[PDB]
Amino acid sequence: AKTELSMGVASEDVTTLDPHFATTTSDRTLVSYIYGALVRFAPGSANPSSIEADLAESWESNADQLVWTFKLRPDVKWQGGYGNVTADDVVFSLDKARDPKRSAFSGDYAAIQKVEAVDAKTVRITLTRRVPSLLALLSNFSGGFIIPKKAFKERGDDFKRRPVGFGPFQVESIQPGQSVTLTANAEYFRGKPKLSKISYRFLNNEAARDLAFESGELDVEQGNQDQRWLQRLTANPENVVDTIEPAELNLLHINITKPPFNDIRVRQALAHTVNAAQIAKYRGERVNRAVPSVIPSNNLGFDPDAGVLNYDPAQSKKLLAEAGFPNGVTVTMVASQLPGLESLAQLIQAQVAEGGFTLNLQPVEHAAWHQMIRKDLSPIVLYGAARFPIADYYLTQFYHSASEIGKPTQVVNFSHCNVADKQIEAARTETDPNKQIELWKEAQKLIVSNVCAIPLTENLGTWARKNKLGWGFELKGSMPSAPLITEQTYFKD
């Protein structure tokens, strides 16, 4: 049968295939095909209850949950002839993942004191203090992916373009700004993939990607957040549409240190002229939902009563006049050209005019935009993301003062939020389910009332596949909100 898969994504190019840096949906998707981790989510699940053995066959923890020991499978081979995956590779990968100079995700691993290779198949992880879930940090997402020490040392700066994993697919070549050619890893420990090749194509323009999928040029295509796309794609019986967990939350992160937004009244005015319920209704309720807090709704610790500011543009105009702006405010936002973020920025632009805001949009290619926002080049950041569904992840990365832009510990705190540090830190080490949740809720209320970030809608991942393609499992979720392609993915006869 057919063994070559063609896939079209809303992206211009590959930025990095080093999993300690892969941040864009497209880079994270490619990284999920190439690498594995000590533990993994079950294929087709984005649910932490599915976390199971991957490179690590089994594990043990002590009673205080500070010392974790992992027993590695002995049969796991690296791609590109780097031999067996050893405890030394895990030590190197995790030491790199927890280093802010060699990883974008070091903050997640702050509690790790040391990572030791007890023997060639045994890894011991020692924590300084308790974490909500150590297994979460070691799963096949963000900094959890394992890389070879020897391959990274040899390739250095080229590793991001010539990745080496133990996953079911390997990168054969990159055609910059066009595609990534992946081939089956014949030595994959769970068995040889049914697919021989993946042609992963950069087709950012939605109308062009839709034409390529309709003609049969693509077997898989990324969709958008519009219910019209969903309806059109379902109408043709040769297609299957997938709405994938987790939902990515979009927020307007306001830099609270920059005038005019250093006055809480101006931030409140903006929050009162945004209409998240209207965005969800306009886009479609099956894929989109307004979120009554600053973290995604599927998070453990989510606050449905965080106190989100209501739609009242008459109050926005009154607050602006009180702040010394009787004829409104003009704001210039550096906006991503990822089509979903672009259309969302345009809906916000129309909405905020009601409350006296003239929002100007400076469009920039998605990956370049990712680095500009991380240099404080935008007064407001329209950012979309899902994290491991424990409140600590989203809260720390986006709203803890250590994560603010300009610090060596920076993550994605574009707002420069510093009002919930105590609550975030306290919740991390609290083991009681209810007490931990209360601290997370307190943090959400403080972030909302300070108007550090304005929540909009969260969106499930939307993809279309041809009938002939089988994922090899039921696809409910995948941590990057993009389909997972494994050794089980195949074309039907």
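Just count from 1 along the sequence shown to find any residue number.
Between the two ranges 430-438 and 41-49, the one averaging a larger CA B factor in the entry:
If you average the C-alpha B-factors of 41-49 and of 430-438, the larger mean comes out for 430-438.
Which is higher in the entry, the mean Cα B factor of 324-332 or that of 364-372?
Looking at the recorded C-alpha B-factors, 324-332 comes out higher on average.
Which third of the chain holds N236 when residues are ordered by C-alpha B factor: lowest, middle or highest?
Tercile = highest for this residue's CA B-factor.
Third of chain Cα B-factors occupied by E458:
Answer is lowest: the recorded C-alpha B-factor places it there.
C-alpha B factor of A117, ranked within the chain: lowest, middle or highest third?
Its C-alpha B-factor, which the entry lists for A117, ranks in the highest third among residues of this chain.
Taking the C-alpha B-factors as the PDB entry records them, is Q79 in the lowest, middle or highest third of its chain?
According to the entry, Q79 has a C-alpha B-factor in the chain's highest third.
When the modelled residues of the chain are sorted by Cα temperature factor, does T489 land in the lowest, middle or highest third?
For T489, whose C-alpha B-factor we compare with every modelled residue in the chain, the answer is the lowest third.
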